[PDB]
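Engineer: Below is one structure. I have some questions about it.
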Amino acid sequence: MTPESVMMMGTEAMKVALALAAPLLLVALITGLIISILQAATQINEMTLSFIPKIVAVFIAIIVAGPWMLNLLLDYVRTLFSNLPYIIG
Amino acid sequence: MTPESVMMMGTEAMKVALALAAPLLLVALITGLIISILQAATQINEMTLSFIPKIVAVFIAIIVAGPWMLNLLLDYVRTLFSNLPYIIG
Amino acid sequence: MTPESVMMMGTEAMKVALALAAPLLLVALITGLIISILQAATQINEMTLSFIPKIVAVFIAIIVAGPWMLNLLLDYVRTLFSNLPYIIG
Amino acid sequence: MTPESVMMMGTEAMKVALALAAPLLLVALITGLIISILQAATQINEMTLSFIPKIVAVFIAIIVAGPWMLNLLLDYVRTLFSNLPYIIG
Amino acid sequence: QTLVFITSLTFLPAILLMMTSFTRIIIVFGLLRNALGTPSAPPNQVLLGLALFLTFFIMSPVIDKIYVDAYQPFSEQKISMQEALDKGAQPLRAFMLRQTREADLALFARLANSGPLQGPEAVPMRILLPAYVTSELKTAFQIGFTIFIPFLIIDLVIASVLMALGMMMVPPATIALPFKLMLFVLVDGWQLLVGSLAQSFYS
Amino acid sequence: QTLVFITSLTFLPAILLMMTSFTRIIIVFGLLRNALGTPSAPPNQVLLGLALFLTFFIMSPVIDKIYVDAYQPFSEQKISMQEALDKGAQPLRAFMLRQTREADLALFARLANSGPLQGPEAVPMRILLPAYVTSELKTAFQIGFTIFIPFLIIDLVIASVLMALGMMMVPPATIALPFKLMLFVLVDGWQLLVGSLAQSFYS
Amino acid sequence: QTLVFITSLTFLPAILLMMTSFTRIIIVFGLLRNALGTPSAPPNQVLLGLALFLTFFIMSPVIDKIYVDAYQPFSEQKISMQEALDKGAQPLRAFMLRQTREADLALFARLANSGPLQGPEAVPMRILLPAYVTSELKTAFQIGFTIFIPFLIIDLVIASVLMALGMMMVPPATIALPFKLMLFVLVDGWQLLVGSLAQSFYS
Amino acid sequence: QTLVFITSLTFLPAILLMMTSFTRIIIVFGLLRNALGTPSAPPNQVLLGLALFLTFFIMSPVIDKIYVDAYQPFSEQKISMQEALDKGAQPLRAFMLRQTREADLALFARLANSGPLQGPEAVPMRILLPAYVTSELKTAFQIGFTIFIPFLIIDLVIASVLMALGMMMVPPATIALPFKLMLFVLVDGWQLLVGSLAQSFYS
Amino acid sequence: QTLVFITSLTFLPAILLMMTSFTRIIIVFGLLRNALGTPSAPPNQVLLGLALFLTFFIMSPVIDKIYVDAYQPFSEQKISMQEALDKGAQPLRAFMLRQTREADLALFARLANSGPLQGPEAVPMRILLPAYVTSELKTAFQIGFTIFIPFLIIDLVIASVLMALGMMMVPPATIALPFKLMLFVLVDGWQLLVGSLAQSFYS
Amino acid sequence: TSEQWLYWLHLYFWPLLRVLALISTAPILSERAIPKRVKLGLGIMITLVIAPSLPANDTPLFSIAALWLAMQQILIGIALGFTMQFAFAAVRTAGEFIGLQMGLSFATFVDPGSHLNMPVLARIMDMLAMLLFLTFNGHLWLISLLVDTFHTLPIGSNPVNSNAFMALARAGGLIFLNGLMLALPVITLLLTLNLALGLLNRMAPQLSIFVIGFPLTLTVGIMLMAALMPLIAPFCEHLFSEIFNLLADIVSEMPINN
């Protein structure tokens, strides 16, 4: 319970959150840019034309990533629940 | 409750959702693209001009799809609720 | 209770909705299209130039149509809420 | 509560709202056309070139019209809130 | 008999505030703040306080009548719920029959398969309360619908003006809060409301 | 017996309130105010009171039977054990059987693994209640589903119109509430609802 | 008392709060936080603590007069709950009457139909409160509209400078969010608000 | 003595209901109401009653055994609960042991460091109750997670259809409350739930 | 005497449950329920029963020592509780003194202006209790806040993913709840939780 | 058990009310996660330590005049509670305005249902900054401060003053100041991204911030929020010291002006 431990808690939390969320968001941005380039250059653009592929991409990437995105949480929540009696002491 | 069984339930639900959602947004994207390609070559391009066809298309597609899109849910929810007493142990 | 009667309900409601909202967006689309054609051949176009007639058109069409649109709903909601005590059985 | 009185109320409110918003969007459209036409005859256009005049024109027209645009609302709102105890009975 | 006694207490104020008034007032206030964007008023304190003061004043004549009829001989506590029900109800009954649509009672007498219906007491207590509340709700929703119109006017004006300039992405629902506020304080729009809910009430 | 008295004051009201009616009604109002956007009624005060009154009118024959056949003879205080509970349940049995789906009693006779059950009075208490409740909740969800449809029509219509002009910015749930009140006071939508919940109930 | 006592005690804290102030303050704080996007303050704690501290400061002289003229003399001699209540009502009355609009008194004297009144303090206690609350609501919405103005100007200039260059799609709701805070603290805004709500109260 | 008496009066009505059932059922229903949008069915009234009735139906055999083995000798009052609680504990002991996980017994024995366990009644009660409740919670959350999936399918397919054609602003929690009532009376899901919770319970 | 008697109905049992345990376990479970979305577990029965069962487990050796040392001669009722208290307070005290942090003891010994103590047993009970309870609060929060973080991370990830697609108007709290159930039952999360809370307690 | 002693038990009720006031108004330190009979248990325990050694001998006369005295205590308790919570409101406000700049802020429109933006970030920064109190002392400093107010501002005729309530009411004030001071680097970095996405629109208007913007800025707003965690550790030390100085100063100022 030293203010180094309390800040290490947060520094681990945000790193796990980034590791989880960054693949999905990066696929979303990649699909967005790939279609937005095709959006111009043959100028045609209504408004979206791209939210549908931005759903296809996430729906694919979640199944492809799958297991280890689970394993991260499984490991870290377990270590948390195991170290709880030593955080106090 | 291994993360393999939960992965099986997940892959089943995602296939059901794909089956439910494919025709609606597929037709949406198709008609949107077909109109947008007309926005050039006769450059006329107001803002959308195509939110209405995307409405009539879904209006047609839900009528045509109709019974089996509901039968999918009716069957899968039935098997789910019948297998519930066998997921506990 | 069978998926057949619920499909009858759907065929009724969607047709009421179409009849209710047809003229509004029809005249909207028509004025918008005829203007956006004029925005070519004398290409002049800043961005919109056309939202104003889309307001005037719907403004006229609501006033013209008016009572019969309301009578539709007053009739069909009446039939619904009057058949209500028999949908039970 | 006849569907006729609830058409009279709408027919009054629509015309009051039109009376309010008339000069604003009228001068908006006027200035828009006037500028966009001069996007020929030394045609060169960057993107818009026409937002600022649309702002100064509305800024002029608001203070020009002003008090009577306020008076319309101030009168008919008083009328509505004074006639409330009669629409009930 | 301790069972029924305390069971009656947890509801009795709530039902008492149903028998008389304060229903349509609170419903109008609730539908008021639904316009003007956010709540913007702390219902815990202001709206309930106003609704209590207004109903107190509106009921003051019939409340003082009930006082004279019951509470003055109740100095002795004459009879436990025999004529305090009658000399409490006849005022209540006239108060609601002045306010109740004659057709609502027709419906609630049809379903009850009624026979002789001549006096207010020939319309039993169990028949009035639901019909009374149904009528009150209809009146309150009438008032509430009439309220919304100028705010719709303002919102549509602002939205159309923004979309006219080429302001495609500004949230006009957030610009139009001070304008509603000013155009509602200018017209002295809070005197009119608590005056209409007091005039249209008794009639 | 001091224990069972407070446990009774805790549970027994909720039991008697589920045992007769007032379960099908409240779910309907609760699903109703889920439409119309905001609460639009203070459930702590209005909807609960109204739903209690409707039931106090609907169960008039059952409550009259109970009174005349239990408590008028209970002035004698003959027996508070056998005919206080047994005789009092005879009207409730019929009132619950008349509104109980047939498939439900089959299921809860099957699970309990009973032998020959012919008499509905030979149907013990414990098989009756949960089947009755499941049936009631089914029918209440049916009515609640049938309710929502015109409101959905209005909201989809307004949203489509708004998107047609390009008004992405506007939160269409704010324009569609006054129309949701107009279409609800215009067809007298409030009389029909209580009429339906009163007619279809007993049957 | 058994029943009325506890209910009256529960109602009391709303009565004392509404009677005096704190119904004009919280509305201004709410409107402030409604400017600058989301709440940006935990209502149930902070914007109640601050809004109670200001009110007690503003009302300290009233309580000082009440103390000096009622408690100290009612102590040990010379007053028995009759002159104390009077000489304590008169300062609070003079406090309210200074704030009520002139019309609201006339309105609530007309609808309540009070006879010939001669003294301002002679206006009964019941007639004072609701007119006071309505007047303060008007003044509070006025202050809130005066507050909203510079933030509107900021948003308008930023949106314009965006569209002056060609930023049609970019939702200026984000860019203009830090500038509000920067220019609300860079000019030490909060002190100006307590200053205004302290000066413009009695004037 | 009377002190611990009212002490137990405050707790025991919860201790008993925890001991048998009513801890998986309520939690499953509560995880249900969180699906289907808004808390439609009111927890203060309906779910408590439904869950208590269903638990009475399931516990009827255990209650019969407890009756014939305790109350019938409690008619005589053979001994002061010395075996009425004792013999009454046997059916509850075996009942819990049937559904009690075997790993939870192991863990909670390890935390207490108990030696060889051979017989069922070699399991001390203070090892059962916590392990029992944690097992019931595991089961309840398993059932609750399994219930959700179709509602998630509906919500996400609706939300992904809306944003497919503009309409980014319609709050899909309004279009998806009906569908969750078509799907839920169309498949008769109110019979499948109670059937499964009654069946899987005994095992 | 309705006041003085009835306040001690909850006072004394709550104080008796403040002495030893049941003060931190409630808080851990309540923080869990503050996470994990809505209540989803009714406090009125479930959490109270669970947190009382775990305390009857953890304090089993303590109650055993009391039962042998003081309860058993109290069957004789040899002395009014003087050593019954003492020889029962010493197991309670020794259990308490093991968990009271150091700072709290020194602080509350200062605030009482006490004299220098030679033995820990010399620490009076009126000094121990508040220090113990404060220490227990500040460790219960240290566990609870360390439990949240994964749940809040799931919330943040879900919200970011939803907003990445364009689904502004969805309440991501409704899509979170199932994932926060699978990641609770999937890591056996309840057994870890209770084993921790039962180990870290005594150690 | 007769009413003989209950009136002697009536001696502790005033400090009891003060301490219950200080407890009830500082929830994030002692909040609704606690059962109201434990949150009230602390009171009667603590006063038993404090009640003796106080020369407090007062009387609730007929139609009690000391009801007016009940006005005094609730103020001082509130004066401590509703003051101490500015150390949390500052970090909550620093957290909110960050998330509102990436994706959370589309509750800008008319009032939606629940907030749904608070639970993202401002519920974590309030949690960390709630653990940092418990490492130094949560209520210990506060309970000592209130023990001191039991000596300075005891009980009685001259209840309170003014011009100090105005002091701590003009005080925050510093809520928004500290709110900036924390998040200034994150906000400055994110403004540059928000304007950088802009200069793409002038190159191609199809980049539609819903297509590019949020998937880009969300990852960066998580990155920077990870990289700026340690800076929260020495900063919170100020937010505690400044406000404790505030409290001590005003609590010492009030009585000498009586």
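Numbering starts fresh at 1 for the residues of each chain in the structure tokens, the chains themselves are lettered A, B, ... in the order given, and ligands are numbered from 1 as they appear.
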So that each row is one residue of chain C with an atom at most 12 Å from chain G, can you give its shortest atom pair and the distance in Å to one decimal, using only C-alpha atoms, rows by chain and rising number, as CSV?

Structural biologist:
residue,atom,partner,partner_atom,distance
C:46,CA,G:166,CA,11.7
C:47,CA,G:168,CA,9.9
C:48,CA,G:168,CA,11.9

Engineer: Could you list, as a list in words, the residues of chain A having an atom within 7 Å of chain B when counting only C-alpha atoms?

Structural biologist: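 Using only C-alpha atoms, chain A residues at most 7 Å from chain B: residues 44, 45, 46 and 49 of chain A.
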
Engineer: Take the residues that were just selected and, keeping N, CA, C and O atoms, output them as a PDB file, in the first residue's frame.

Structural biologist:
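Generated file (result.pdb):
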ATOM      1  N   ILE A  44     -17.178   9.305 -56.040  1.00  0.00           N
ATOM      2  CA  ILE A  44     -18.462   8.873 -55.490  1.00  0.00           C
ATOM      3  C   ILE A  44     -18.422   8.700 -53.974  1.00  0.00           C
ATOM      4  O   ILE A  44     -17.550   8.013 -53.434  1.00  0.00           O
ATOM      5  N   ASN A  45     -19.358   9.346 -53.283  1.00  0.00           N
ATOM      6  CA  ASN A  45     -19.476   9.299 -51.831  1.00  0.00           C
ATOM      7  C   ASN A  45     -20.865   9.794 -51.451  1.00  0.00           C
ATOM      8  O   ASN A  45     -21.237  10.916 -51.810  1.00  0.00           O
ATOM      9  N   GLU A  46     -21.649   8.966 -50.750  1.00  0.00           N
ATOM     10  CA  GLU A  46     -22.980   9.411 -50.373  1.00  0.00           C
ATOM     11  C   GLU A  46     -22.907   9.998 -48.975  1.00  0.00           C
ATOM     12  O   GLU A  46     -22.886  11.233 -48.829  1.00  0.00           O
ATOM     13  N   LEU A  49     -21.169   4.508 -46.791  1.00  0.00           N
ATOM     14  CA  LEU A  49     -20.628   3.512 -47.710  1.00  0.00           C
ATOM     15  C   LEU A  49     -19.543   2.683 -47.030  1.00  0.00           C
ATOM     16  O   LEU A  49     -18.948   1.799 -47.651  1.00  0.00           O
TER      17      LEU A  49
END

Engineer: Work out how far CA of residue 38 (chain H) is from CA of residue 13 (chain B), in Å to one decimal.

Structural biologist: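 Between these atoms lies a distance of 23.7 Å.
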
Engineer: Can you tell me, as a JSON list (two decimals) with N, CA, C and O atoms, in the first residue's frame, what residues are no more than 10 Å from residue 54 (chain I) when counting only C-alpha atoms, ignoring any on the same chain fewer than 6 positions away?

Structural biologist:
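Saved to out.json:
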[["chain", "number", "residue", "atom", "x", "y", "z"],
["H", 126, "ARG", "N", -21.61, -25.47, 9.34],
["H", 126, "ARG", "CA", -20.82, -24.28, 9.05],
["H", 126, "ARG", "C", -19.84, -24.50, 7.90],
["H", 126, "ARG", "O", -19.08, -23.58, 7.57],
["H", 127, "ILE", "N", -19.82, -25.69, 7.31],
["H", 127, "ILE", "CA", -19.08, -25.88, 6.07],
["H", 127, "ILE", "C", -20.04, -25.88, 4.88],
["H", 127, "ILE", "O", -19.70, -25.43, 3.79],
["H", 129, "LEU", "N", -23.28, -24.24, 4.51],
["H", 129, "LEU", "CA", -24.01, -23.02, 4.19],
["H", 129, "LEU", "C", -23.20, -22.11, 3.26],
["H", 129, "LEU", "O", -23.70, -21.77, 2.18],
["H", 130, "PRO", "N", -21.97, -21.73, 3.60],
["H", 130, "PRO", "CA", -21.22, -20.88, 2.65],
["H", 130, "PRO", "C", -20.95, -21.55, 1.32],
["H", 130, "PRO", "O", -21.14, -20.93, 0.26],
["H", 131, "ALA", "N", -20.51, -22.81, 1.33],
["H", 131, "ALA", "CA", -20.25, -23.52, 0.08],
["H", 131, "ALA", "C", -21.53, -23.68, -0.72],
["H", 131, "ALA", "O", -21.55, -23.54, -1.95],
["H", 133, "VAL", "N", -24.15, -21.62, -0.70],
["H", 133, "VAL", "CA", -24.57, -20.35, -1.28],
["H", 133, "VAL", "C", -23.67, -19.97, -2.45],
["H", 133, "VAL", "O", -24.15, -19.47, -3.47],
["I", 21, "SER", "N", -16.93, -8.80, 12.90],
["I", 21, "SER", "CA", -16.82, -8.95, 11.46],
["I", 21, "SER", "C", -18.12, -8.42, 10.88],
["I", 21, "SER", "O", -18.82, -7.63, 11.52],
["I", 22, "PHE", "N", -18.44, -8.81, 9.65],
["I", 22, "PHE", "CA", -19.70, -8.48, 8.99],
["I", 22, "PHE", "C", -19.76, -7.00, 8.66],
["I", 22, "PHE", "O", -20.74, -6.56, 8.07],
["I", 25, "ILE", "N", -17.35, -7.29, 5.10],
["I", 25, "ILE", "CA", -17.83, -8.21, 4.07],
["I", 25, "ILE", "C", -19.02, -7.60, 3.33],
["I", 25, "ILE", "O", -19.10, -7.65, 2.09],
["I", 60, "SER", "N", -16.08, -19.05, 13.62],
["I", 60, "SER", "CA", -16.37, -20.32, 14.28],
["I", 60, "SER", "C", -15.46, -20.60, 15.46],
["I", 60, "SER", "O", -15.98, -20.93, 16.54],
["I", 194, "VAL", "N", -14.23, -15.34, -2.31],
["I", 194, "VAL", "CA", -14.52, -15.75, -0.95],
["I", 194, "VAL", "C", -13.32, -16.38, -0.26],
["I", 194, "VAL", "O", -13.11, -16.14, 0.94],
["I", 197, "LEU", "N", -11.30, -13.31, 0.79],
["I", 197, "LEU", "CA", -11.92, -12.64, 1.92],
["I", 197, "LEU", "C", -11.87, -13.46, 3.20],
["I", 197, "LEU", "O", -11.95, -12.88, 4.29],
["I", 198, "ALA", "N", -11.74, -14.78, 3.10],
["I", 198, "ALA", "CA", -11.70, -15.60, 4.31],
["I", 198, "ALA", "C", -10.27, -15.86, 4.77],
["I", 198, "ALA", "O", -10.02, -16.13, 5.94]]

Engineer: Could the residues of chain I within 7 Å of chain J, counting only C-alpha atoms, be given as a list in words, please?

Structural biologist: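 Close to chain J, chain I has residues 14, 15, 27, 30, 31, 112, 126, 127, 130, 138, 142, 145, 155, 156, 160, 163, 164, 166, 168 and 171 of chain I.
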
Engineer: Could those residues be written to a file, using N, CA and C atoms, as a PDB file, in the first residue's frame?

Structural biologist:
ATOM      1  N   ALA I  14     -27.048  -4.546  15.518  1.00  0.00           N
ATOM      2  CA  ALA I  14     -26.059  -3.953  14.626  1.00  0.00           C
ATOM      3  C   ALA I  14     -24.745  -3.714  15.356  1.00  0.00           C
ATOM      4  N   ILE I  15     -24.812  -3.235  16.600  1.00  0.00           N
ATOM      5  CA  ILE I  15     -23.590  -3.038  17.376  1.00  0.00           C
ATOM      6  C   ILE I  15     -22.910  -4.375  17.644  1.00  0.00           C
ATOM      7  N   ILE I  27     -19.467  -4.530   2.848  1.00  0.00           N
ATOM      8  CA  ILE I  27     -18.973  -3.446   2.007  1.00  0.00           C
ATOM      9  C   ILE I  27     -18.334  -4.000   0.745  1.00  0.00           C
ATOM     10  N   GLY I  30     -21.168  -5.006  -1.456  1.00  0.00           N
ATOM     11  CA  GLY I  30     -21.883  -3.840  -1.941  1.00  0.00           C
ATOM     12  C   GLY I  30     -21.115  -3.108  -3.017  1.00  0.00           C
ATOM     13  N   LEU I  31     -19.792  -3.065  -2.890  1.00  0.00           N
ATOM     14  CA  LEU I  31     -18.978  -2.492  -3.954  1.00  0.00           C
ATOM     15  C   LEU I  31     -19.052  -3.350  -5.205  1.00  0.00           C
ATOM     16  N   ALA I 112      -8.855  10.586  23.395  1.00  0.00           N
ATOM     17  CA  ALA I 112      -9.467  10.365  24.697  1.00  0.00           C
ATOM     18  C   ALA I 112      -8.631  10.911  25.842  1.00  0.00           C
ATOM     19  N   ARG I 126     -13.922   0.797  24.971  1.00  0.00           N
ATOM     20  CA  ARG I 126     -14.438   2.025  24.375  1.00  0.00           C
ATOM     21  C   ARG I 126     -13.379   2.725  23.534  1.00  0.00           C
ATOM     22  N   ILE I 127     -12.113   2.337  23.689  1.00  0.00           N
ATOM     23  CA  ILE I 127     -11.068   2.873  22.824  1.00  0.00           C
ATOM     24  C   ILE I 127     -10.835   1.955  21.634  1.00  0.00           C
ATOM     25  N   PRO I 130     -13.926   1.859  18.052  1.00  0.00           N
ATOM     26  CA  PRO I 130     -13.902   2.774  16.899  1.00  0.00           C
ATOM     27  C   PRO I 130     -12.640   2.647  16.069  1.00  0.00           C
ATOM     28  N   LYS I 138     -11.201   1.089   6.242  1.00  0.00           N
ATOM     29  CA  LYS I 138     -10.116   1.486   5.359  1.00  0.00           C
ATOM     30  C   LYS I 138      -9.372   0.294   4.778  1.00  0.00           C
ATOM     31  N   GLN I 142      -9.965  -0.737   0.562  1.00  0.00           N
ATOM     32  CA  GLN I 142      -8.735  -1.093  -0.138  1.00  0.00           C
ATOM     33  C   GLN I 142      -8.889  -2.377  -0.938  1.00  0.00           C
ATOM     34  N   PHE I 145     -11.981  -1.338  -3.952  1.00  0.00           N
ATOM     35  CA  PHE I 145     -11.526  -0.531  -5.072  1.00  0.00           C
ATOM     36  C   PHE I 145     -10.525  -1.291  -5.926  1.00  0.00           C
ATOM     37  N   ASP I 155     -15.701  -1.914 -19.244  1.00  0.00           N
ATOM     38  CA  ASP I 155     -16.605  -0.824 -19.589  1.00  0.00           C
ATOM     39  C   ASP I 155     -15.964   0.117 -20.599  1.00  0.00           C
ATOM     40  N   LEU I 156     -14.716   0.511 -20.342  1.00  0.00           N
ATOM     41  CA  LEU I 156     -14.040   1.464 -21.216  1.00  0.00           C
ATOM     42  C   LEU I 156     -13.808   0.868 -22.598  1.00  0.00           C
ATOM     43  N   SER I 160     -15.468   2.344 -26.000  1.00  0.00           N
ATOM     44  CA  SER I 160     -14.620   2.797 -27.095  1.00  0.00           C
ATOM     45  C   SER I 160     -14.934   2.044 -28.382  1.00  0.00           C
ATOM     46  N   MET I 163     -18.312   3.327 -29.809  1.00  0.00           N
ATOM     47  CA  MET I 163     -18.201   4.646 -30.420  1.00  0.00           C
ATOM     48  C   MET I 163     -17.281   4.629 -31.637  1.00  0.00           C
ATOM     49  N   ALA I 164     -16.448   3.598 -31.772  1.00  0.00           N
ATOM     50  CA  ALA I 164     -15.586   3.506 -32.944  1.00  0.00           C
ATOM     51  C   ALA I 164     -16.373   3.244 -34.217  1.00  0.00           C
ATOM     52  N   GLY I 166     -19.784   4.183 -34.715  1.00  0.00           N
ATOM     53  CA  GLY I 166     -20.770   5.200 -34.999  1.00  0.00           C
ATOM     54  C   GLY I 166     -22.043   5.052 -34.206  1.00  0.00           C
ATOM     55  N   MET I 168     -23.429   6.107 -31.362  1.00  0.00           N
ATOM     56  CA  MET I 168     -23.498   7.043 -30.247  1.00  0.00           C
ATOM     57  C   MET I 168     -24.606   6.687 -29.264  1.00  0.00           C
ATOM     58  N   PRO I 171     -26.764   2.511 -24.878  1.00  0.00           N
ATOM     59  CA  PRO I 171     -26.322   2.566 -23.490  1.00  0.00           C
ATOM     60  C   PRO I 171     -25.337   1.452 -23.188  1.00  0.00           C
TER      61      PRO I 171
END

Engineer: Set the cut-off to 6 Å and count only C-alpha atoms: what are the residues of chain F that reach chain E? Output as number ranges by chain.

Structural biologist: F: 53, 57, 169, 178, 181

Engineer: For N, CA and C atoms, I'd like the residues from the last selection saved as an mmCIF file, in the first residue's frame.

Structural biologist:
data_model
loop_
_atom_site.group_PDB
_atom_site.id
_atom_site.type_symbol
_atom_site.label_atom_id
_atom_site.label_comp_id
_atom_site.auth_asym_id
_atom_site.auth_seq_id
_atom_site.Cartn_x
_atom_site.Cartn_y
_atom_site.Cartn_z
ATOM 1 N N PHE F 53 -56.947 1.040 -7.869
ATOM 2 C CA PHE F 53 -58.371 1.362 -7.967
ATOM 3 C C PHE F 53 -59.068 0.493 -9.006
ATOM 4 N N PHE F 57 -62.197 -2.094 -8.324
ATOM 5 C CA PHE F 57 -63.484 -2.112 -9.013
ATOM 6 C C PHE F 57 -63.732 -3.456 -9.688
ATOM 7 N N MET F 169 -28.602 16.347 -37.317
ATOM 8 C CA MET F 169 -28.322 16.900 -35.999
ATOM 9 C C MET F 169 -29.465 16.669 -35.015
ATOM 10 N N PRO F 178 -44.827 15.376 -28.496
ATOM 11 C CA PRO F 178 -46.128 16.057 -28.594
ATOM 12 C C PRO F 178 -47.103 15.330 -29.500
ATOM 13 N N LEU F 181 -48.648 12.635 -27.718
ATOM 14 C CA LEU F 181 -49.743 13.024 -26.836
ATOM 15 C C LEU F 181 -51.002 13.364 -27.626
#

Engineer: Write out as a list in words each polymer residue whose atoms come within 8 Å of region 55-61 of chain B, counting only C-alpha atoms; drop sequence neighbours fewer than 3 positions from it.

Structural biologist: residues 23, 24, 27, 28, 31, 51, 52, 64 and 65 of chain B

Engineer: Quick one: distance from CA of residue 191 (chain F) to CA of residue 80 (chain D) in Å, one decimal?

Structural biologist: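 Atom-to-atom, CA of residue 191 (chain F) to CA of residue 80 (chain D), that is 26.5 Å.
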
Engineer: For the helix (DSSP H, G or I) assignment from backbone DSSP, which residues of region 56-140 of chain H qualify? Please present them as a PyMOL selection string.

Structural biologist: chain H and resi 56-76+84-99+102-110+120-122+125-140

Engineer: May I have the residues within 10 Å of residue 71 (chain G) as an MDAnalysis selection string, using only C-alpha atoms and disregarding those fewer than 4 positions away in the same chain?

Structural biologist: (chainID G and resid 65:67 75:76 79 84 88) or (chainID J and resid 65 68 157)

Engineer: Keeping N, CA and C atoms for every residue in the selection just given, could you write it to a file as a PDB file, in the first residue's frame?

Structural biologist:
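Result file follows (selection27.pdb):
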ATOM      1  N   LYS G  65     -31.318  39.344  12.952  1.00  0.00           N
ATOM      2  CA  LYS G  65     -32.462  40.120  13.420  1.00  0.00           C
ATOM      3  C   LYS G  65     -33.448  39.238  14.176  1.00  0.00           C
ATOM      4  N   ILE G  66     -33.736  38.054  13.627  1.00  0.00           N
ATOM      5  CA  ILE G  66     -34.653  37.128  14.288  1.00  0.00           C
ATOM      6  C   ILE G  66     -34.139  36.765  15.670  1.00  0.00           C
ATOM      7  N   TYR G  67     -32.865  36.386  15.763  1.00  0.00           N
ATOM      8  CA  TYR G  67     -32.274  36.024  17.045  1.00  0.00           C
ATOM      9  C   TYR G  67     -32.400  37.166  18.039  1.00  0.00           C
ATOM     10  N   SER G  75     -36.270  34.534  25.865  1.00  0.00           N
ATOM     11  CA  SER G  75     -35.588  33.934  26.996  1.00  0.00           C
ATOM     12  C   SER G  75     -35.980  34.656  28.276  1.00  0.00           C
ATOM     13  N   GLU G  76     -36.306  33.861  29.293  1.00  0.00           N
ATOM     14  CA  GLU G  76     -36.412  34.233  30.704  1.00  0.00           C
ATOM     15  C   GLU G  76     -37.481  35.269  31.044  1.00  0.00           C
ATOM     16  N   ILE G  79     -42.109  37.305  26.828  1.00  0.00           N
ATOM     17  CA  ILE G  79     -42.748  36.832  25.605  1.00  0.00           C
ATOM     18  C   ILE G  79     -43.144  35.371  25.773  1.00  0.00           C
ATOM     19  N   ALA G  84     -43.265  36.494  20.037  1.00  0.00           N
ATOM     20  CA  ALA G  84     -42.071  35.911  19.437  1.00  0.00           C
ATOM     21  C   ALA G  84     -42.339  35.507  17.995  1.00  0.00           C
ATOM     22  N   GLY G  88     -40.773  37.493  14.818  1.00  0.00           N
ATOM     23  CA  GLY G  88     -39.924  36.694  13.956  1.00  0.00           C
ATOM     24  C   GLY G  88     -40.470  36.553  12.554  1.00  0.00           C
TER      25      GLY G  88
ATOM     26  N   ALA J  65     -36.247  25.587  23.068  1.00  0.00           N
ATOM     27  CA  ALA J  65     -35.522  26.658  22.398  1.00  0.00           C
ATOM     28  C   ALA J  65     -34.212  26.150  21.821  1.00  0.00           C
ATOM     29  N   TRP J  68     -33.397  25.569  17.975  1.00  0.00           N
ATOM     30  CA  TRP J  68     -32.560  26.539  17.282  1.00  0.00           C
ATOM     31  C   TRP J  68     -31.094  26.137  17.344  1.00  0.00           C
ATOM     32  N   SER J 157     -25.221  30.037  22.639  1.00  0.00           N
ATOM     33  CA  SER J 157     -25.972  31.251  22.305  1.00  0.00           C
ATOM     34  C   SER J 157     -25.460  31.813  20.979  1.00  0.00           C
TER      35      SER J 157
END

Engineer: Compile the contact shell of region 66-74 of chain B as a list in words: residues with an atom at most 8 Å away, counting only C-alpha atoms, same-chain residues fewer than 5 positions apart removed.

Structural biologist: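 What passes the distance filter is residues 16, 19 and 20 of chain B; 3 and 7 of chain C; 150, 183, 186 and 187 of chain H.
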